[PDB]
Amino acid sequence: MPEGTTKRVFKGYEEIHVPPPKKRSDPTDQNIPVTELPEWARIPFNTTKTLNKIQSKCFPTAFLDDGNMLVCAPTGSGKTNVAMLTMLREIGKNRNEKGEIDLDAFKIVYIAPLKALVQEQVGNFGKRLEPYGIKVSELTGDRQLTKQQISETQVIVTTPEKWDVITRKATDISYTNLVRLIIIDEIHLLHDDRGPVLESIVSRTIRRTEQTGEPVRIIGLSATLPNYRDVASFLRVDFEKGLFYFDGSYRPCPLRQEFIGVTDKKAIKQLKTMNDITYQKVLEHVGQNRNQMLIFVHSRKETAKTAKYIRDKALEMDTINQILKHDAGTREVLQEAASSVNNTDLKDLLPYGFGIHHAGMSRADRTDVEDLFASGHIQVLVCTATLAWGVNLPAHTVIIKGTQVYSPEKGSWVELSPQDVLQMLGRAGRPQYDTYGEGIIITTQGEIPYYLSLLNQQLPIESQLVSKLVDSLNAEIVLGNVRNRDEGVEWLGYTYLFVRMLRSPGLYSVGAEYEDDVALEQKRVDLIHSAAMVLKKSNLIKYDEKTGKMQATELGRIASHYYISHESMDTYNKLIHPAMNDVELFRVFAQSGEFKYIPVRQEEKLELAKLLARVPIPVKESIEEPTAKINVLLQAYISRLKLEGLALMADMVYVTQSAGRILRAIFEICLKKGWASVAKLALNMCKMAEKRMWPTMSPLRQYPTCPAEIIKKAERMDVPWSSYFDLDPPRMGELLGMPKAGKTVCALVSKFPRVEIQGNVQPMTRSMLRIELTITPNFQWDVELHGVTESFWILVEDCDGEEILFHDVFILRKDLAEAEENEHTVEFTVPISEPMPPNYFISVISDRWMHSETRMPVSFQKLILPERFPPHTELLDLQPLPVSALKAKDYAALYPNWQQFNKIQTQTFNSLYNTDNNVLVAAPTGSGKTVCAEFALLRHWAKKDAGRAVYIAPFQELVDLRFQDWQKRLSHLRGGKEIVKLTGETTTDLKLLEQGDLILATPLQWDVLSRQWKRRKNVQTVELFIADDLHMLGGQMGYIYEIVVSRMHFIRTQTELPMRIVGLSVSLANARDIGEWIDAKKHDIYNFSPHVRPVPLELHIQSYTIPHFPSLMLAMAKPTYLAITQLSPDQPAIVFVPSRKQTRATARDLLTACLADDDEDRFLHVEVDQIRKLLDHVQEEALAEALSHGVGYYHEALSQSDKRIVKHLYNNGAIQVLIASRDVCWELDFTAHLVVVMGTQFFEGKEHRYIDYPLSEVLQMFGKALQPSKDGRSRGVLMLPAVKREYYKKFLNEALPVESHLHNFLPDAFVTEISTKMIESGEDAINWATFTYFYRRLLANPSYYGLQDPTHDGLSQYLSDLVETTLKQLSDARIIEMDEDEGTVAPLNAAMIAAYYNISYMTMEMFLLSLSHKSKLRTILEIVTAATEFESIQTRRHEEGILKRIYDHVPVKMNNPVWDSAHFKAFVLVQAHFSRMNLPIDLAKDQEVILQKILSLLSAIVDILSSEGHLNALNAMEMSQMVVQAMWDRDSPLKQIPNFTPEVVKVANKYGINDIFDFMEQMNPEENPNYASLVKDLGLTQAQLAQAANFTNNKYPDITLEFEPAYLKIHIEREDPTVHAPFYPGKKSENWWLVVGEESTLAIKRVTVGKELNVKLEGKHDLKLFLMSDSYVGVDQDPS
């Protein structure tokens, strides 16, 4: 239905002319106001006077509503400004009153079809938005990390394909969630074959937002085309508010359409008539009408032929002088500038007014013609579609010259795309200059109605999803968005295809069988199934035909991540075999289904035979048939051969742009099947195409800045690439013979990615080795060619190079690489067969860089595997022992609801309750080992003596849970039994030792007591000694556990009195050495099988391949939801999670996954009106909302009140799921039926790398799956990286090996041992080293420790070489006495305080950094905070910005402040405390742990600097007072008073108040009449007053002092419950320190003071004595 009225039939053509619509401007008064808006949004609208009419209807909805919007308009009508208003509304949302909200809070995405429209958009939007802090950046680079660092900016624009891939692989999920606004330009591309790529994007985003509730605004910008209301409801827009449609009467410049259909006599004679029509239309428009036109062609060279043809035809007929502008002004600029400046020579024939333009031209030459066409210098301008997109350069008339292009995808010529012709004609008509624009198209007669209908709103937009349905479905299944048949049909409900199958289903072959189904439900089911079945047959998916459940396999993940056809993957898995060579691999490439339409033609048959004879890799698979052609085309691309054929150039371009993804997909396939040879080959083939060089040519070709002169010189030499390295500019040029190239090439090899690797072998067993790979970088960074990161592959091979025993990505970070210490480490585990191979292999290969591999052998000739493991003790099938086997009613009363004993308890009952031998019972967690320790106690308490028993758990959280259960049940037992737990301060828990019969203590708490065992007699008095969770001796702070157990055996071997030791542990691998280390006889060692569980554990293992940590956790939320809803649907489940911050993050993840399933409050089995009492009293508001919907979490930062609430709800069945962190796994008293472990890694700030969960923790976590099902078995799933799978699966199905690490901590272990004088010589070290567990494990597993002679000879030498190494480390630390003449060695005075306050030695050694006499108070502030103990504080990611804002708000700054360092965090948080600065909850939990460890650390450096003649220790005493009261060194002492706001401190000081002293005695209703006035001013309620009055007399010291080799006398007096300061967790009473000393130039005394204490201490001198506290500021008396 064309309005066009003119049809003139000619000899050769059929002209069809259409008048422009010219009257639809005054139906409505649509005139808009001036750019006056909310004044923040006026900046991008600079040149625009007022909004243009098309933006009128858009503004009320674009700027003041959030619905999705579709706007159909002409090309230049100004759609971009409407998209601007939607962006201006988005910054108006993320807006403060001052404005410019956190740039990390929201991000916008703009999808445009071609790469030219996006580059001009980052210019147009970049410069308009540059006033705001926002940065617009294009999404370029095929480096995965370039797409990661570019996405760290605010507004990104990109193509539909790239942004799809970004989400398909989900490596950046943490940032795609920040997206709130997405604008898709030219959305009518849905009709194109790339339409599905948009349908995949809109669907998943709108699908999730309609599920997760998190809204994401979408703005559609289309063309004026029919069924626009279909893509409208597809984009989910309200037709009442956000749908706009505009006739051709809204173009800024009217467009006349001149259609010209050539005679259908198809030949090159039809090209001749096309060329003539263009020549006549040139004489008509530029020669007669005074116009400058631009002719659109579709070949980068047909622009050349067309330009010359028109001027050559104008040379004939003598018509050139009609086109020219004969003035000398334009003749000067056009001739001299253009012909001589540019390098592109074919346009040196431009001085005739003509002009050329295409992609294959110098970017500065394409801006010249661009700028000449603007001033009116070139008249005619032939060009390709490259400038139709993305440059505002209009012309009066435009000519689409020719209409069919060659798509190499279809291997056949096909007509123009709708998106190209509408963008071209948009360039027709200057809006302000021309009255109209003439758009002329020339085509064939048969294809006339196609183009006429296109420009008159008749071409329908259909959905091409069906042609990419199977692939796009695989994409959602890989992402976890479709997990069954229902989630698939619910997904289809959001595509453009579904909304088009509801309109005229006969178009989409929808069978008449689907007549009764509402909303095409059963059709989508029939559709998802038939597509998913294709995914199952090719092995890309796991699909159950009955249950409908579908899960994505590793194969399909490769397909989704690399945009590979389901057809091409089916042929990759079949045809790849581990013995493939380079020939047979190219064959697989040619078999790709993406090329199935590319033919071989007889026209190019002559040139193909030329290429096959030059390509080096033989093509023997075929003769000249399509698969041999695609083959020789790839090699022709690598070889950089010249192709005269234009049809081949189109095909080779297509084969090459696809060859990147294809070859990478083949590489990852080989890598996951584990074929080392083919995998290493495929990756090199990747570099062969992406760097376009055969591996034999010069590696210098990879440097774009290397001149071909050097490359052409290097490639005529024979010097190996090895010899280019480690050279200077003089020798570099020498090796090449080009001295001018020396500095140039030497800098190039200087930046070549090049690393040096090392390895350490530790055998855990005879079947598995632990390898510590140390990678050091040996090159110079350069951001231009390296970017910010460099990626590497780590490979591990047999001695045959056949099998891949380990593979993982290694990524270098710039900041970490170019640091002073740049040694990166990585630990992994590989198996090993007993007939050992000679050597393994390890390589580190650059992901992109060619010829960058550092291969290392791993020799096994010197390795010594551990001793074989003996069978577990038999689980004897015995008569269940009754509770009456104990010979007392009250002993059997401890088990009231018990009739028998457990299979393990009955078997161990003999050795425990009837025998005083040492015994070691080792059984899996939860088997009830705790009662085995009760047997030893009950036997012991039937005795005569007091017999102090000592129980020890590895962590304080375990002795607390232990104390609670034994203090309530075992107090009433044979008279009065005192059950006490130690505290940590020695003076008060050593009397608890004498007051108690059973003493609970952690390994360090008993350490400080048992050190002075000769001095304290109650240490030997002990007769029972229990060591619970003893296997933790190889754990965090596990060596101190090894020491105390080894010392108790030394206590009972020196003192002859008997002393029994019992030990509890999980199922061990080597129970001989732990049992003999405890002196338990053979029959007294019970090491039960790990399968001996009262409730069998059904374990599942899900493996993942996702290198991004935060992406991995969100990817695991849904399988956790599936794990709980399916495995334990009616029973409690506990979810474990690596970080404490990650507990809330994965709590909402599970909850959003719940309402995704239309079931919120899924895990809430109690009416919310019952837990309403509880939500209020929850401290963390995130935990309340979580608990309100039935999911609770638990982490170390949680308050003790919150935890007790979570315990109440979890145990009373209120909530069903408990998301715990991994730090509270011991403290967790909870029990579940299903225990899922999310991930096995956590981040450590010291290592700057993620570290694996210890095997102990996975054992402890799964030990909470104890509630059985009806089949009497508990379940647990273990989600881990696919690399870690065989590691945890081994050491969960087999017993746990335990090895000591005491050998690596002997400096800190000798500090505590030499201070007590227990070890005084090198022989004293060796004799001491024998009582430990590491000594017993040396001859067993020598290679793990460093022993090479497993004889009694080498045993004594590895000990001597170690104790000599350790003693020297304590001597170079200047903490130990002499050596090397007497084997004796004494402790330095500074070593005593190192053990008193128990601070590490590396911290103690570095404390000599404050050696300066009278060092600053600011100096000690950064010396204290730079301690090893503060390096254990965790470091979260998004916290690095907040540390900066607290830093600048603080007086004392540090030199060269390290940003990521935990030493800086402790430096800034310790000052955030002095200033009482509020901090977020997780950063405040860090503040606590810093404060717990600093008081002992400040009291240390006081005594350190007092040991020398320096007097700076005075400031440390002042600073010790600063931490307790949270003040600065020079602050108002009034701030100690409660509720003394800084505004209250000033109004007090305005009243002449200096200190609290002259303040309290001043303010009374007796002596100051201002007491009634000062109460109105301070604003303090009567209650807060009483708080201050009780503070001054009982919490602020009153009475003063008087004083009467040197020797002095001191008299003290008082007027002292405890020190009360509400800004510190754990307090101590005030200590007062006495030091003599004069200012301009000693003895120090420390003692607690009570009522009336008398103490004594010590040319001509008149000295001066000080008396300062450690808890209160202000009282410091100093007489001279």
# chains A, B, ... in the order shown; residues from 1 in each chain; ligands from 1
call {"tool": "select_by_dssp", "arguments": {"residues": "segment 285-355 of chain A", "states": "helix (DSSP H, G or I)", "output": "VMD selection string"}}
result
chain A and resid 285 302 to 318 320 to 323 328 to 341 346 to 349
call {"tool": "residues_around", "arguments": {"residues": "residue 1604 of chain A", "least_positions_apart": "3", "cutoff": "12 Å", "atoms": "only C-alpha atoms", "output": "PyMOL selection string"}}
result
chain A and resi 1601+1607-1612+1654-1658+1665+1679-1680
call {"tool": "write_last_selection", "arguments": {"atoms": "N, CA, C and O atoms", "output": "PDB file, in the first residue's frame"}}
result
ATOM      1  N   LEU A1601      50.794  11.173  95.818  1.00  0.00           N
ATOM      2  CA  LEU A1601      51.963  10.488  96.347  1.00  0.00           C
ATOM      3  C   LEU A1601      52.859  11.443  97.124  1.00  0.00           C
ATOM      4  O   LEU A1601      52.734  12.667  97.035  1.00  0.00           O
ATOM      5  N   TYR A1607      68.810   4.271  95.861  1.00  0.00           N
ATOM      6  CA  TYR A1607      67.721   3.586  96.547  1.00  0.00           C
ATOM      7  C   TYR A1607      66.704   4.629  96.979  1.00  0.00           C
ATOM      8  O   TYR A1607      67.077   5.652  97.558  1.00  0.00           O
ATOM      9  N   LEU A1608      65.428   4.371  96.701  1.00  0.00           N
ATOM     10  CA  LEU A1608      64.366   5.320  96.991  1.00  0.00           C
ATOM     11  C   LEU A1608      63.243   4.632  97.755  1.00  0.00           C
ATOM     12  O   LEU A1608      63.137   3.404  97.776  1.00  0.00           O
ATOM     13  N   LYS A1609      62.401   5.450  98.382  1.00  0.00           N
ATOM     14  CA  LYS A1609      61.217   4.990  99.092  1.00  0.00           C
ATOM     15  C   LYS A1609      59.996   5.707  98.534  1.00  0.00           C
ATOM     16  O   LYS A1609      60.074   6.882  98.159  1.00  0.00           O
ATOM     17  N   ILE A1610      58.871   4.997  98.472  1.00  0.00           N
ATOM     18  CA  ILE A1610      57.647   5.517  97.870  1.00  0.00           C
ATOM     19  C   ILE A1610      56.470   5.190  98.777  1.00  0.00           C
ATOM     20  O   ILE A1610      56.328   4.052  99.236  1.00  0.00           O
ATOM     21  N   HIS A1611      55.624   6.188  99.032  1.00  0.00           N
ATOM     22  CA  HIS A1611      54.388   6.018  99.782  1.00  0.00           C
ATOM     23  C   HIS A1611      53.207   6.300  98.865  1.00  0.00           C
ATOM     24  O   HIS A1611      53.185   7.322  98.171  1.00  0.00           O
ATOM     25  N   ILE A1612      52.231   5.393  98.863  1.00  0.00           N
ATOM     26  CA  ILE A1612      51.031   5.520  98.044  1.00  0.00           C
ATOM     27  C   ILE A1612      49.816   5.388  98.954  1.00  0.00           C
ATOM     28  O   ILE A1612      49.882   4.766 100.018  1.00  0.00           O
ATOM     29  N   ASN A1654      53.353   0.435  99.668  1.00  0.00           N
ATOM     30  CA  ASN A1654      54.705   0.963  99.831  1.00  0.00           C
ATOM     31  C   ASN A1654      55.661   0.158  98.963  1.00  0.00           C
ATOM     32  O   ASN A1654      55.724  -1.071  99.080  1.00  0.00           O
ATOM     33  N   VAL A1655      56.401   0.853  98.097  1.00  0.00           N
ATOM     34  CA  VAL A1655      57.368   0.232  97.201  1.00  0.00           C
ATOM     35  C   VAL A1655      58.668   1.026  97.243  1.00  0.00           C
ATOM     36  O   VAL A1655      58.708   2.184  97.668  1.00  0.00           O
ATOM     37  N   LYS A1656      59.743   0.377  96.795  1.00  0.00           N
ATOM     38  CA  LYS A1656      61.075   0.960  96.767  1.00  0.00           C
ATOM     39  C   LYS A1656      61.700   0.724  95.399  1.00  0.00           C
ATOM     40  O   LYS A1656      61.466  -0.308  94.764  1.00  0.00           O
ATOM     41  N   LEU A1657      62.495   1.687  94.949  1.00  0.00           N
ATOM     42  CA  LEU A1657      63.162   1.594  93.654  1.00  0.00           C
ATOM     43  C   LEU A1657      64.377   2.517  93.684  1.00  0.00           C
ATOM     44  O   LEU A1657      64.734   3.062  94.734  1.00  0.00           O
ATOM     45  N   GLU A1658      65.027   2.682  92.536  1.00  0.00           N
ATOM     46  CA  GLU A1658      66.202   3.540  92.440  1.00  0.00           C
ATOM     47  C   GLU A1658      66.103   4.485  91.247  1.00  0.00           C
ATOM     48  O   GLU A1658      66.989   5.305  91.013  1.00  0.00           O
ATOM     49  N   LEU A1665      60.927  11.495  89.232  1.00  0.00           N
ATOM     50  CA  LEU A1665      60.221  10.222  89.190  1.00  0.00           C
ATOM     51  C   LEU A1665      58.827  10.407  88.602  1.00  0.00           C
ATOM     52  O   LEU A1665      58.176  11.430  88.833  1.00  0.00           O
ATOM     53  N   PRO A1679      57.222  14.676  90.322  1.00  0.00           N
ATOM     54  CA  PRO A1679      58.079  15.597  91.073  1.00  0.00           C
ATOM     55  C   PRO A1679      59.556  15.347  90.792  1.00  0.00           C
ATOM     56  O   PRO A1679      59.967  14.263  90.374  1.00  0.00           O
ATOM     57  N   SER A1680      60.354  16.384  91.031  1.00  0.00           N
ATOM     58  CA  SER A1680      61.798  16.306  90.819  1.00  0.00           C
ATOM     59  C   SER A1680      62.549  16.259  92.147  1.00  0.00           C
ATOM     60  O   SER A1680      62.847  17.295  92.743  1.00  0.00           O
TER      61      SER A1680
END
call {"tool": "residues_around", "arguments": {"residues": "segment 1383-1400 of chain A", "least_positions_apart": "4", "cutoff": "7 Å", "atoms": "only C-alpha atoms", "output": "PyMOL selection string"}}
result
chain A and resi 1308+1311-1312+1314-1315+1320-1322+1375-1379+1404+1428+1496+1500+1504
call {"tool": "closest_residue", "arguments": {"among": "A:199, A:1364, A:1678, A:1616", "to": "residue 1635 of chain A", "atoms": "only C-alpha atoms"}}
result
A:1678
call {"tool": "residues_around", "arguments": {"residues": "segment 1157-1162 of chain A", "least_positions_apart": "5", "cutoff": "8 Å", "atoms": "only C-alpha atoms", "output": "PyMOL selection string"}}
result
chain A and resi 211+1151+1188-1190
call {"tool": "closest_residue", "arguments": {"among": "A:919, A:1147, A:970, A:1524", "to": "residue 890 of chain A", "atoms": "only C-alpha atoms"}}
result
A:970
call {"tool": "select_by_dssp", "arguments": {"residues": "segment 367-397 of chain A", "states": "strand (DSSP E or B)", "output": "list in words"}}
result
residues 380, 381, 382, 383, 395 and 397 of chain A
call {"tool": "write_last_selection", "arguments": {"atoms": "N, CA and C atoms", "output": "mmCIF file, in the first residue's frame"}}
result
data_model
loop_
_atom_site.group_PDB
_atom_site.id
_atom_site.type_symbol
_atom_site.label_atom_id
_atom_site.label_comp_id
_atom_site.auth_asym_id
_atom_site.auth_seq_id
_atom_site.Cartn_x
_atom_site.Cartn_y
_atom_site.Cartn_z
ATOM 1 N N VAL A 380 30.824 14.611 -5.116
ATOM 2 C CA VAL A 380 30.344 13.236 -5.080
ATOM 3 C C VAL A 380 31.279 12.426 -4.197
ATOM 4 N N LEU A 381 30.712 11.450 -3.485
ATOM 5 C CA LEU A 381 31.462 10.708 -2.470
ATOM 6 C C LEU A 381 30.932 9.277 -2.424
ATOM 7 N N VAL A 382 31.611 8.374 -3.116
ATOM 8 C CA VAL A 382 31.270 6.958 -3.053
ATOM 9 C C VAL A 382 31.846 6.364 -1.773
ATOM 10 N N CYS A 383 31.077 5.488 -1.130
ATOM 11 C CA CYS A 383 31.425 5.036 0.209
ATOM 12 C C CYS A 383 30.668 3.757 0.538
ATOM 13 N N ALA A 395 23.972 14.677 3.382
ATOM 14 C CA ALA A 395 24.048 15.205 2.030
ATOM 15 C C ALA A 395 22.634 15.406 1.505
ATOM 16 N N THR A 397 21.323 14.558 -1.491
ATOM 17 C CA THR A 397 20.852 13.318 -2.087
ATOM 18 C C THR A 397 21.801 12.180 -1.741
#
call {"tool": "residues_around", "arguments": {"residues": "residue 439 of chain A", "least_positions_apart": "6", "cutoff": "8 Å", "atoms": "only C-alpha atoms", "output": "PDB file with N, CA, C and O atoms, in the first residue's frame"}}
result
ATOM      1  N   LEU A 255      11.951  13.688   3.401  1.00  0.00           N
ATOM      2  CA  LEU A 255      12.671  12.725   2.576  1.00  0.00           C
ATOM      3  C   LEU A 255      11.808  12.324   1.387  1.00  0.00           C
ATOM      4  O   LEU A 255      10.767  11.681   1.559  1.00  0.00           O
ATOM      5  N   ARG A 256      12.244  12.707   0.190  1.00  0.00           N
ATOM      6  CA  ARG A 256      11.659  12.191  -1.037  1.00  0.00           C
ATOM      7  C   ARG A 256      12.323  10.867  -1.390  1.00  0.00           C
ATOM      8  O   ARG A 256      13.525  10.683  -1.176  1.00  0.00           O
ATOM      9  N   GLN A 257      11.537   9.940  -1.925  1.00  0.00           N
ATOM     10  CA  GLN A 257      12.020   8.609  -2.264  1.00  0.00           C
ATOM     11  C   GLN A 257      11.917   8.417  -3.769  1.00  0.00           C
ATOM     12  O   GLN A 257      10.835   8.573  -4.346  1.00  0.00           O
ATOM     13  N   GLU A 258      13.040   8.081  -4.403  1.00  0.00           N
ATOM     14  CA  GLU A 258      13.101   7.832  -5.843  1.00  0.00           C
ATOM     15  C   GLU A 258      13.592   6.404  -6.059  1.00  0.00           C
ATOM     16  O   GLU A 258      14.789   6.125  -5.938  1.00  0.00           O
ATOM     17  N   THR A 397      21.323  14.558  -1.491  1.00  0.00           N
ATOM     18  CA  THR A 397      20.852  13.318  -2.087  1.00  0.00           C
ATOM     19  C   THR A 397      21.801  12.180  -1.741  1.00  0.00           C
ATOM     20  O   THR A 397      22.992  12.396  -1.502  1.00  0.00           O
ATOM     21  N   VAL A 398      21.260  10.961  -1.710  1.00  0.00           N
ATOM     22  CA  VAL A 398      22.053   9.755  -1.507  1.00  0.00           C
ATOM     23  C   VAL A 398      21.601   8.708  -2.514  1.00  0.00           C
ATOM     24  O   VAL A 398      20.429   8.649  -2.898  1.00  0.00           O
ATOM     25  N   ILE A 399      22.547   7.881  -2.954  1.00  0.00           N
ATOM     26  CA  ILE A 399      22.295   6.874  -3.976  1.00  0.00           C
ATOM     27  C   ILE A 399      22.763   5.532  -3.440  1.00  0.00           C
ATOM     28  O   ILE A 399      23.971   5.309  -3.286  1.00  0.00           O
ATOM     29  N   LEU A 425      19.664   6.203   4.110  1.00  0.00           N
ATOM     30  CA  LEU A 425      18.728   7.266   3.769  1.00  0.00           C
ATOM     31  C   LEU A 425      18.548   8.266   4.903  1.00  0.00           C
ATOM     32  O   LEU A 425      18.111   9.395   4.656  1.00  0.00           O
ATOM     33  N   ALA A 428      20.334  11.463   4.295  1.00  0.00           N
ATOM     34  CA  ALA A 428      19.837  12.217   3.149  1.00  0.00           C
ATOM     35  C   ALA A 428      19.035  13.405   3.663  1.00  0.00           C
ATOM     36  O   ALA A 428      17.964  13.228   4.253  1.00  0.00           O
TER      37      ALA A 428
END
